[PDB]
There are 2 protein chains.
Amino acid sequence: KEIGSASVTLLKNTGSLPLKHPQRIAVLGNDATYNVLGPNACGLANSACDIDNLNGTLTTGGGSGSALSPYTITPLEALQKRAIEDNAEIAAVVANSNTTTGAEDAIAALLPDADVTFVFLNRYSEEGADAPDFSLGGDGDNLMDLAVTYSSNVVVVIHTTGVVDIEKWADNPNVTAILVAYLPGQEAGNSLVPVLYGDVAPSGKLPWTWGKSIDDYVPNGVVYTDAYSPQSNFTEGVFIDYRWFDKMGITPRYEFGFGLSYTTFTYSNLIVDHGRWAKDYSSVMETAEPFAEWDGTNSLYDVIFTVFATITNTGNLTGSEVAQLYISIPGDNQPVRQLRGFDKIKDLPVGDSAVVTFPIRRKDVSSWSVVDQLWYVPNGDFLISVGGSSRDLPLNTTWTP
Amino acid sequence: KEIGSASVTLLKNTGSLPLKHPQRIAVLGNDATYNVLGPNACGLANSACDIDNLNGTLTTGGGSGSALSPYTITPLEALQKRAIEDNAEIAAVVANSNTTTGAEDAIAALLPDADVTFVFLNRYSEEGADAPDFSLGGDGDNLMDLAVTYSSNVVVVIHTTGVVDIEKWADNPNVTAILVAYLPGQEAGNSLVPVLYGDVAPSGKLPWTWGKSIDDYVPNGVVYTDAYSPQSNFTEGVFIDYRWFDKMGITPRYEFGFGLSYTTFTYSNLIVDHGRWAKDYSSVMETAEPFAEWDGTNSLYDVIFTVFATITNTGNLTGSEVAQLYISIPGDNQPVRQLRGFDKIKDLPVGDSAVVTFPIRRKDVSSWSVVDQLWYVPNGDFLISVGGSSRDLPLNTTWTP
Ligand SMILES: CC(=O)O[C@@]12CO[C@@H]1C[C@H](O)[C@@]1(C)C(=O)[C@H](O)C3=C(C)[C@@H](OC(=O)[C@H](O)[C@@H](NC(=O)c4ccccc4)c4ccccc4)C[C@@](O)([C@@H](OC(=O)c4ccccc4)[C@H]21)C3(C)C
Ligand SMILES: CC(=O)O[C@@]12CO[C@@H]1C[C@H](O)[C@@]1(C)C(=O)[C@H](O)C3=C(C)[C@@H](OC(=O)[C@H](O)[C@@H](NC(=O)c4ccccc4)c4ccccc4)C[C@@](O)([C@@H](OC(=O)c4ccccc4)[C@H]21)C3(C)C
Ligand SMILES: *[C@@H]1O[C@H](CO)[C@@H](O[C@@H]2O[C@H](CO)[C@@H](O[C@H]3O[C@H](CO)[C@@H](O)[C@H](O)[C@@H]3O)[C@H](O)[C@H]2NC(C)=O)[C@H](O)[C@H]1NC(C)=O
Ligand SMILES: *[C@@H]1O[C@H](CO)[C@@H](O[C@@H]2O[C@H](CO)[C@@H](O)[C@H](O)[C@H]2NC(C)=O)[C@H](O)[C@H]1NC(C)=O
Ligand SMILES: CC(=O)N[C@@H]1[C@@H](O)[C@H](O)[C@@H](CO)O[C@H]1O
Ligand SMILES: *[C@@H]1O[C@H](CO)[C@@H](O)[C@H](O)[C@H]1NC(C)=O
Ligand SMILES: *[C@@H]1O[C@H](CO)[C@@H](O)[C@H](O)[C@H]1NC(C)=O
Ligand SMILES: *[C@@H]1O[C@H](CO)[C@@H](O)[C@H](O)[C@H]1NC(C)=O
Ligand SMILES: *[C@@H]1O[C@H](CO)[C@@H](O)[C@H](O)[C@H]1NC(C)=O
Ligand SMILES: OC[C@H]1O[C@H](O)[C@@H](O)[C@@H](O)[C@@H]1O
């Protein structure tokens with residue numbers, strides 16, 4: 001559960017979250033409730049259910065990295081627990097909205113009087129095939145169209161195996177909040193509702209880039225060919241995800257390492273401490289990785305320096321903050337920046353400050369010599385940037401060894 | 001909730017209830033979960049959903065006498081809460097088992113390993129039409145065929161507006177328990193699960209007769225005609241329900257006033273006390289029903305005697321018991337017996353005894369005189385009978401005024 005509550009990521013919030021004590025709650029989407037055939041209906045690999053089946057809350061993906069469930073704690077059941085505590089009413093349409101007789105009529109009638117409308121969306125994928133685009137699973141496009149027609153307070157919650165296309169509605173003023181919650185396992189619903197009701201502020205951030213379009217990603221991501229010897233050439237090199245997005249100058253929807261809270265954090269007092277170094281003595285096994293500065297005592301993974309910064313909860317509510325550190329290694333055709341540290345502060349009171357610390361190892365500031373076939377620390381001007389996301393970096397400094 | 005717990009009526013138990021702490025639980029039937037269109041989707045009179053809609057748990061009937069619901073505490077959600085406390089697993093097939101791709105296979109894969117299989121059945125009906133027969137609503141017949149195919153520990157729970165036909169399954173030894181929970185309103189699951197698990201023994205009993213066949217009841221119960229002036233001739237007279245079965249020598253599957261407990265009760269010490277009479281002063285308003293014994297100072301509703309009996313809990317668990325009193329009023333063309341009292345003893349411990357008391361009013365022992373146009377107490381022998389149902393009557397005596 002605590003994993004779910006720490007992961008769930010807030011992408012948009014025009015004022016609707018956290019919920020106070022809404023009296024009339026509307027829920028949309030089979031994602032909000034059980035698989036109609038049972039949590040384990042899809043079998044040993046969570047891939048045997050029909051393509052149109054209502055599989056319910058998307059708690060894991062398809063294939064060999066799935067597992068059986070003792071139960072699922074559905075969002076609806078958890079939302080209901082909370083409604084009942086508030087002496088409120090709650091109603092869910094969980095059928096296929098396109099194919100079920102009266103579904104659309106029901107939604108039209110249910111939503112206008114709701115204080116808030118949740119829409120649960122999912123996007124299953126699996127081992128054995130690739131997603132054909134950023135397409136919402138089942139009836140999700142429809143759900144969303146209906147929802148914004150009849151309600152001005154839609155809160156979208158996505159259970160997905162990756163980025164999905166929400167371009168149609170993400171800038172609709174009627175969509176007041178959007179959250180992704182990934183694949184939260186069995187404690188799906190009870191990990192989420194605390195966040196929505198504001199018992200714990202959301203603290204999770206995107207572990208990849210949310211581009212406005214599949215066309216903004218590394219070309220030829222999937223090659224389709226009947227050719228007896230199929231060929232993908234990684235001609236983009238090191239430039240995947242936000243590295244690609246950064247180098248090409250492409251603004252995504254939501255950047256790598258982005259995710260809102262219910263409060264704001266102000267960054268301050270950047271500090272690089274050259275005296276804060278230490279030898280790697282802890283790791284279980286060692287590589288035979290070659291590097292310039294090697295002298296028979298030392299390591300690629302020695303922490304050469306350490307960098308510090310200060311966050312201040314400048315908001316109105318307690319909240320956790322994932323601080324990120326990026327470095328610009330100099331060189332030719334070198335990423336605009338690369339993440340070389342993160343430190344999550346837990347539950348920072350309003351007005352309070354905490355120090356963020358980042359141990360930079362040697363390898364963290366090195367390049368591969370193609371010619372000499374070793375790791376070496378380049379010369380040049382290293383940019384160090386610290387902040388909230390891969391594009392929210394209010395503190396830079398420069399280092400030159 | 002409490003009305004639900006006090007009402008649910010146990011019709012069969014081969015040994016499977018109460019549940020201890022089963023580790024693997026299977027659930028069958030859309031009646032186990034929510035209306036897929038929302039609890040109030042059927043609208044202002046619970047009647048506007050499509051004839052095949054999966055309306056979920058039948059918490060009330062259709063028509064002017066229905067009402068909106070602020071939520072539904074589904075059987076599935078209530079059973080799951082117990083599952084979780086027992087560190088167990090629970091899975092529900094709640095689709096239409098005859099029309100949903102995969103449903104039947106999923107049922108076949110799930111049941112054989114389950115420690116217990118619950119099937120939730122329903123039978124909607126509404127103002128404006130009569131049931132065409134006793135058949136189960138939706139896919140209930142199919143669920144019951146499937147269940148007894150793949151599981152030897154099937155427990156059946158019926159949400160219904162009246163008697164249904166379960167003659168195919170009720171004497172199948174794979175059906176280990178059968179309960180009817182009628183129409184429990186918004187607290188459907190949390191009322192039922194305490195009874196199954198044995199936090200409270202079941203104490204409800206049937207408020208009508210449950211015949212093997214619709215053919216066993218009063219003939220011409222629903223007249224179907226296009227005649228301009230349709231006629232229903234009540235030639236049966238007072239002989240409806242158990243009066244019909246009793247007089248005509250027909251054996252029901254479960255008689256009027258039948259319901260099992262998790263313990264047994266022995267009856268003793270029938271006492272008819274002619275000294276224990278009382279004048280009627282408690283009515284809010286009075287009738288002007290003529291009666292023969294009227295002396296200006298008395299009333300058809302005076303209690304004229306009181307009968308007592310004793311019940312003892314002769315089993316091994318605490319139970320509540322509804323004790324019933326019937327009187328054979330003598331005369332031409334008279335019901336074999338007529339209910340004239342009931343008394344529910346609450347939570348009688350093992351070994352303990354309690355006294356059951358039954359005030360008998362003058363009207364309770366009277367007949368109407370067509371010739372004289374007044375009520376009178378006939379001459380002859382009155383048989384007074386006491387017991388646990390209309391056919392389980394261990395105690396009797398004759399009163400001859
Ligand atoms: C083919 C394959 O990927 O097999 C394995 C078995 O170990 C492999 C690794 C894989 O992790 C594993 C266990 C999985 O967990 C997958 O999620 C998984 C799959 C990806 C899936 O794979 C497929 O559907 C195959 O492409 C499919 N193959 C073909 O039909 C095929 C024919 C000609 C050319 C190429 C392919 C297949 C389907 C059903 C039974 C056997 C093979 C089979 C498989 O049943 C599962 O496979 C079997 O259970 C199985 C395979 C062969 C014989 C008997 C059983 C699958 C599941 C569980 C559904
Ligand atoms: C016919 C009837 O019972 O009407 C009422 C309106 O007050 C009546 C009392 C009744 O208890 C009440 C409120 C109900 O709650 C019923 O559950 C109820 C019904 C039984 C239902 O009525 C029927 O099914 C009638 O048999 C049905 N009969 C006919 O269509 C019919 C027409 C001409 C000649 C012969 C028969 C009907 C349907 C729809 C509108 C009017 C009549 C209408 C009705 O909308 C509901 O009716 C209306 O809402 C309504 C009726 C007439 C005009 C406008 C609205 C119904 C509901 C709520 C669905
Ligand atoms: C509910 O879960 C189902 C898995 O148990 C899922 O079905 C599977 O969906 C994928 C698409 O994500 C299908 O993928 C394949 O589609 C055709 C196969 O002929 C190929 O062109 C593709 O390359 C791809 O491999 C699976 O076929 C499908 N599995 C089955 C057995 O039908 C449902 O889609 C899920 N429901 C929803 C609404 O998301
Ligand atoms: C679900 O509820 C609906 C009513 O809201 C039921 O459909 C009615 O069923 C009766 C028969 O009992 C028909 O006379 C009506 O025409 C039906 N209503 C409409 C508008 O179609 C439906 O049968 C219930 N579901 C199940 C499976 O019993
Ligand atoms: C001849 C006649 O009036 N009989 C009607 C019948 O036509 C109608 O289908 C049914 C339900 O509407 O109600 C019956 O009373
Ligand atoms: C927003 O919702 C309202 C109903 O509350 C609807 O009238 C309006 O068309 C919607 N607008 C957009 C931009 O979807
Ligand atoms: C991609 O691979 C094909 C297959 O050998 C090759 O002909 C083509 O020139 C390659 N292009 C690159 C590496 O950019
Ligand atoms: C009862 O269940 C078993 C499987 O558990 C099945 O093989 C058997 O045929 C069933 N018997 C009846 C009478 O349905
Ligand atoms: C119903 O009763 C009337 C009056 O006795 C009678 O004329 C009519 O035939 C009866 N209908 C029957 C016999 O079902
Ligand atoms: O119209 C079909 C059906 O309607 C009502 O249920 C009655 O009037 C039936 O006798 C008739 O069969």
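Keep in mind that the numbers below use all heavy atoms, side chains included, and drop hydrogens, waters and symmetry copies. The sequence lines fix the lettering, A, B, ..., with proteins before strands; numbering per chain opens at 1.
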query = Roughly how far, to the nearest 0.5 Å, is the CD atom of A:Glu77 from the NZ atom of B:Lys81?
reply = 10.0 Å

key: Heavy atoms of other groups near A:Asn87 CG, more than 12 under 6.0 Å   = no

task = In sequence, state the C-alpha distance, the side-chain angles, and the governing distance for A:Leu37 and B:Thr100, and then conclude on side-chain contact (heavy atoms from CB on, under 4.5 Å).
result = CA-CA 9 Å; A:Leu37 272 7; B:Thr100 303; 4.1 Å; yes

request  = Mind ranking A:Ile84, A:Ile107, A:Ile73, A:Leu76 by heavy-atom pairs under 4.5 Å with chain B and telling me who comes out on top?
outcome  = A:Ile84

query = Of the listed residues (A:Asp105, A:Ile90, A:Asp50), which shares the most heavy-atom pairs with chain B below a 4.5 Å separation?
reply = A:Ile90

query = B:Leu110, B:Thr74, B:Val93, B:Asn53: which one forms the most heavy-atom pairs within less than 4.5 Å of chain A?
reply = B:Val93

task = Assess whether atom CD of B:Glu187 is packed by more than 12 heavy atoms of other residues, nucleotides or ligands within 6.0 Å.
result = yes

request  = Please step through side chain to side chain donor-acceptor pair (under 3.5 Å) for the pair A:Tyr34 and B:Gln80, ending with a clear verdict.
outcome  = CA-CA 12 Å; A:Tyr34 299 86; B:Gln80 183 159 288; 2.9 Å; yes

inquiry  = Report which part of B:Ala88 has an atom under 4.5 Å of a heavy atom belonging to chain A: side chain, backbone, both, or neither.
reply    = backbone

query = Any idea which of A:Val27, A:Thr72, A:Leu68, A:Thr33 has the most non-hydrogen atom pairs under 4.5 angstrom with chain B?
reply = A:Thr72

ask   = What part of B:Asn35 is in contact with chain A, defined as an atom under 4.5 angstrom from a non-hydrogen atom: side chain, backbone, both or neither?
value = backbone

remark   = Note: vs chain B, highest number of non-hydrogen pairs under 4.5 angstrom among A:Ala41, A:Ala92, A:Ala106, A:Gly38 is A:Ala92

ask   = What option among B:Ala83, B:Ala95, B:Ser69 has the most heavy-atom pairs under 4.5 Å with chain A?
value = B:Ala95

